[PDB]
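# Architecture and fold: a report
Listed below are the residues making up each chain.
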Amino acid sequence: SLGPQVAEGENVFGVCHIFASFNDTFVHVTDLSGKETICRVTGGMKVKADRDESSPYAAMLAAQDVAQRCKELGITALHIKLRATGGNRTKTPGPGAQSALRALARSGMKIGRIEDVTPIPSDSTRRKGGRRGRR
RNA sequence: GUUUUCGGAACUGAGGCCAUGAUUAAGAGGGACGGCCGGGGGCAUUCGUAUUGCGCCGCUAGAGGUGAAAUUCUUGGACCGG
């Protein structure tokens, strides 16, 4: 759990793919290449009920865990790349993604880039649902 | 008997003369011609993420889904990331 860079010299970069659906939120801290992930905590693994898994409360400690999980490695600065469900389905991020990065910015994680990596299509297939829709 | 002037019909030649014979170009149409215009058509071609699937790589206990749940997938490594 040792980083070769000195702490007061600069800040080591990381990246967390904040993915929030409308039933769960994923906080996935990976490396910059994205090929060597560090840890990935969800929103339903911190609440013992399917109700509050997309809730702001289940994601405001899910950053209090994954930041603690990455303080000892030498990492203090991250990128955040928002991504909703996307595809043919909805594109607005889940409600806890607001409270997700607000939790860790107060939990002690420095902030670098903020961007959107939603899977917006050129043109998807026929979206799930009847022609009359979810009536 | 006959041919005629004589009256009719019929054919043809040289003609003469006519004020010698054709309204207009529909704020109707057709066709041309011109520069263009357009998600008109047909054939061919080229692209785009997404979805899904498969292989590898990562790290994992849940993931999906729901007003709420469960059916379902999941240490046989799903989900999530490359």
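Residues numbered from 1 in each chain as written, not as in the entry; some residues may be left out. Chains lettered and ligands numbered in written order. Part of a larger assembly, values for the part shown. Heavy atoms only, no water. Residues with missing side-chain atoms left out of burial classes, pairs and counts.

Per the PDB record, the structure was determined using cryo-EM to 3.7 Å resolution.

Heads up, the condition is: UniProt positions are given in the numbering used here, feature names are shortened, and annotations may be inferred rather than shown by experiment.
In the nomenclature of the PDB entry, chain A corresponds to Small ribosomal subunit protein uS11 from the organism Oryctolagus cuniculus. The annotation that UniProt attaches to chain A under Subunit (literature references left out) is "Component of the small ribosomal subunit. Part of the small subunit (SSU) processome, composed of more than 70 proteins and the RNA chaperone small nucleolar RNA (snoRNA) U3 (By similarity)." Among the UniProt annotations of chain A, the heading Sequence similarities holds the following wording: "Belongs to the universal ribosomal protein uS11 family."

## Quick look at the sheet that holds strand β2 (residues 25-30)
As a reminder of what qualifies: A pair of strands counts as paired when DSSP detects no fewer than two bridges linking them. Counting from the N terminus, the helices are the DSSP runs of H or I reaching at least four residues and the strands are the DSSP runs of E reaching at least two. Working convention: axes come from line fits to C-alpha atoms, limited for helices to the stretch in contact. Angles between N-to-C directions cover 0 to 180 degrees.
Spatial strand order, β3-β2-β1-β4-β5: five strands in an open sheet with mixed pairing. In this open sheet, the two strands that pair with only one neighbour each are β3 (39-41) and β5 (110-116). Strand-to-strand twist of the sheet, defined as the mean angle between neighbouring strand axes without regard to direction, takes the value 20°. Examined bridge by bridge, β2 and β3 share three bridges and lie antiparallel to one another. Each residue of the ladder has a partner; that of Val27, found in β3, is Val41.

## Some words on the nonpolar core
The condition is simple: Definition used in this section: a nonpolar core is a set of buried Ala, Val, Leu, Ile, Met, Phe, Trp, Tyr and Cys residues joined via side-chain atoms within 4.5 Å. For the exposure calls, accessible area comes from a 1.4 Å probe over protein chains only, and a residue counts as buried if that area is under 20% of its type's maximum, exposed if over 50%, partly exposed in between. In what follows, residue pairs with any heavy atoms lying within 4.5 Å of each other are defined as contacts.
Among the nonpolar cores identified, the biggest contains 18 residues, and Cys16, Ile18 and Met109 are the most heavily contacted of them. Counting residues per element, the ones that place at least two in this core are β1 (12-20), β2, α2 (62-66), β4 (75-82) and α4 (96-107). The greatest single-element share of this core, amounting to four residues, is contributed by β4. Setting aside residues up to four positions removed in sequence, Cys16 forms contacts with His28, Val29, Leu78, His79, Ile80 and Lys81.

## As for the side chain of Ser55
What counts here: N or O atoms within 3.5 Å of each other form a polar contact, as long as, within protein, one can give a hydrogen and the other can take it, and as long as residues adjacent in sequence are counted only when both atoms are side-chain atoms.
As for its placement among the helices and strands, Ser55 is situated in the loop between β3 and α1 (56-60). By relative accessible area, which is 10% here, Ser55 ends up buried. Reaching out from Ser55, the side chain makes a polar contact with the backbone nitrogen of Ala58 at a distance of 3.3 Å.

## Focus on the side chain of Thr30
For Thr30, the position within the fold is in strand β2. The exposure class of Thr30 is buried, given its relative accessible area of 3%. Excluding anything up to four places from it in sequence, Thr30 contacts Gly14, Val15, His17, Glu36, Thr37 and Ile38.

## Quick notes on the pairing of β1
Pairing between β1 and β4: five bridges, direction parallel. What sits directly across from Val12, in β4, is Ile75. Between the end of β1 and the start of β2, which pair antiparallel, lie four residues.

## Quick notes on the protein's contact with RNA strand B
As a reminder of what qualifies: In this text, near means that some heavy atom of the residue lies within 4 Å of the molecule or strand in question.
Looking at RNA strand B, there are 26 residues lining it, with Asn23, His28, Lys35, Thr37 and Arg40 nearest. Each atom of RNA strand B within 4 Å of the protein belongs either to a base or to sugar and phosphate, the latter forming 66%. In this structure, a phosphate oxygen belonging to RNA strand B sits 2.9 Å away from a side-chain N or O atom of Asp24. A distance of 2.6 Å is found between a base oxygen of RNA strand B and a side-chain nitrogen or oxygen belonging to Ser122.

## Things to note about the pairing of β4
Convention followed: Classification remark: right-handed applies to a crossover when, strands pointing away from the viewer, the course from the first strand over the helix to the second runs clockwise.
As judged from the five bridges shared by β4 and β5, these two strands associate in the parallel manner. Paired with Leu82 across the two strands is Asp116, which belongs to β5. Each parallel crossover has a hand, and the one from β4 via α4 to β5 is right-handed.

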